[PDB]
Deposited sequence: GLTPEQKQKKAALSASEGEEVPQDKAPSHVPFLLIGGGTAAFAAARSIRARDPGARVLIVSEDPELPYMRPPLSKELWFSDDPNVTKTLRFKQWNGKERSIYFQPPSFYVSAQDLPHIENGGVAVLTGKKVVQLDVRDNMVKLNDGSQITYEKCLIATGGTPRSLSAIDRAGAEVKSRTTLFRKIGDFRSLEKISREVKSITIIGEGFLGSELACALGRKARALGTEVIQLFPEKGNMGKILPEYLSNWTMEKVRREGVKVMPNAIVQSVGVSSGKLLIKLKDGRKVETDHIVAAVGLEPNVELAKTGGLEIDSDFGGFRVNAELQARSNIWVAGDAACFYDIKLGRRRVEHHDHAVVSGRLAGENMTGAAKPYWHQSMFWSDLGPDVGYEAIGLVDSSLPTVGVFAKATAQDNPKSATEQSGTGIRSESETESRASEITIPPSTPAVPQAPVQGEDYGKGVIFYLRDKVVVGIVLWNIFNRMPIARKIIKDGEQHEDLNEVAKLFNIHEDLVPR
């Protein structure tokens, strides 16, 4: 029943967010389409954001089993994109009436033969295709100190990516006295807050350490990076900025992290959250171009790597309408680019002109959104205000019904943006020559279309305090 077919019209390599969106797209445009997703994981397609967020905010002990979570508004949602009975079997796929979408789980595509329109799986199965999407996502970066420390340290280090890592780390959280997160980024900070909340109830320790001066310091300016660090500290987490890891070893049963400044940190387990590299292993056999500067498969405006091979999601190095070649790690991009790839695979020939958004929540009470070029080394103007009662992720989730912020923001850009005639929220403009090239929104929701319009228009702005009024910052 899960026997690989010899041929499929639409082959999707990888079974994450972009592949699911593509399958949906293909099927909407061609209701008899036969679509095979090949997924190296055991699980059917699922979304990632809850893995560092709402799944940790449950008191139900069978969360690890069901992977149902409660949104910030109390409403239950499955991590899976659709119920498992909505897929057809791989065996049935070639000739079942009206086609369908099948998933081969626990199978990895290891070779791509582009001239022959064929892939080979790790078990030796050969599948030919008519149209192919590469949607392989990324592979977490390791830390060189872990790489050089050997197998014992490696075995006590988690690179947090999938359902399996949620399960392993949630178990570690219940069982050990101290966990250290290495990395200042959004994922590391979400995990710090999640683990920190668990630890408060157990009386245990969570450390977050990183070389930057504060959380998300590569992206946020000092004021908001510092504020974030304080929020994380308010959760009980021990945050160690300006920490440069020299080495990691085991000392009488504990991990011992040595920092350049002379500090030594003893802990039971390490989570490394220091980014990823696109999964481009198939470029070798496929002879496909990869981007040496940004990583990822190079694609054209229509997301094509070849006449009949598209790329979407984290794996794609696309041409951003404003910024040129880039890759992102955004749920929004994976949805929109996967949907577009599917449309183009069914004859749309439409260009990828979407401006991808990003969001992060540090619990129900603090959220961020970002769009465009967001880099703390650029000149910035931050405009802040006291928060109102609605300016938090929980309220945004209550109003919209969803915690997936890309859905509630919409994909749209505003049609017009006429300026109308402690701090807890604000807007940060990232600049080039008075032109806004990126925006971070701090506890401001339902305004992403305005931010997109500002950046798309690319006008010079004489007074960004006036522009901030569009974000209800006065």
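- Stretches of the deposited sequence absent from the structure, as judged by C-alpha coordinates, are 1 to 22, 444 to 456, 510 to 515.
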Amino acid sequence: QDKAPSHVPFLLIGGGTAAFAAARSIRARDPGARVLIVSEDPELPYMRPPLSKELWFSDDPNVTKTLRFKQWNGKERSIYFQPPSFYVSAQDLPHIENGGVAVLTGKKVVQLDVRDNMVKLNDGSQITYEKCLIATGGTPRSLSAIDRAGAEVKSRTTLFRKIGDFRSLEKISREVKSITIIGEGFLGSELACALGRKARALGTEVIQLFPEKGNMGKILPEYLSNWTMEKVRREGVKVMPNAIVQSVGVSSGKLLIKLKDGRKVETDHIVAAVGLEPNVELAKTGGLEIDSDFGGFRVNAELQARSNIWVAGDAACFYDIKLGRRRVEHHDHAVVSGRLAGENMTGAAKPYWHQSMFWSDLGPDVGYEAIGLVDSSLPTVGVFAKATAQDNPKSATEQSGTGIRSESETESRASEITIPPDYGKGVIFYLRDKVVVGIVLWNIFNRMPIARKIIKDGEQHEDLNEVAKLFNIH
From here on, numbers count along this sequence of modelled residues.
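- For the pair 354 to 362 and 112 to 120, the mean B factor over Cα atoms is greater in 112 to 120.
- Looking at mean Cα B-factors across 430 to 438 and 24 to 32, the upper value is held by 430 to 438.
- Between the residues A90, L373, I179, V237, the entry's highest C-alpha temperature factor is the one at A90.
- Within the group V245, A283, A192, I163, the record's highest C-alpha temperature factor is found at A283.
- Sorting the modelled residues of the chain by their CA temperature factor places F294 in the highest third.
- In the deposited entry, the Cα temperature factor of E416 sits in the top third of values across the chain's modelled residues.
- Annotation for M448: CA B-factor lies in the middle third of the chain's modelled residues.
- For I270, the recorded CA B-factor ranks within the lowest third of the chain. Only modelled residues enter the ranking.
- When the modelled residues of the chain are ordered by C-alpha B-factor, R48 sits in the lowest third.
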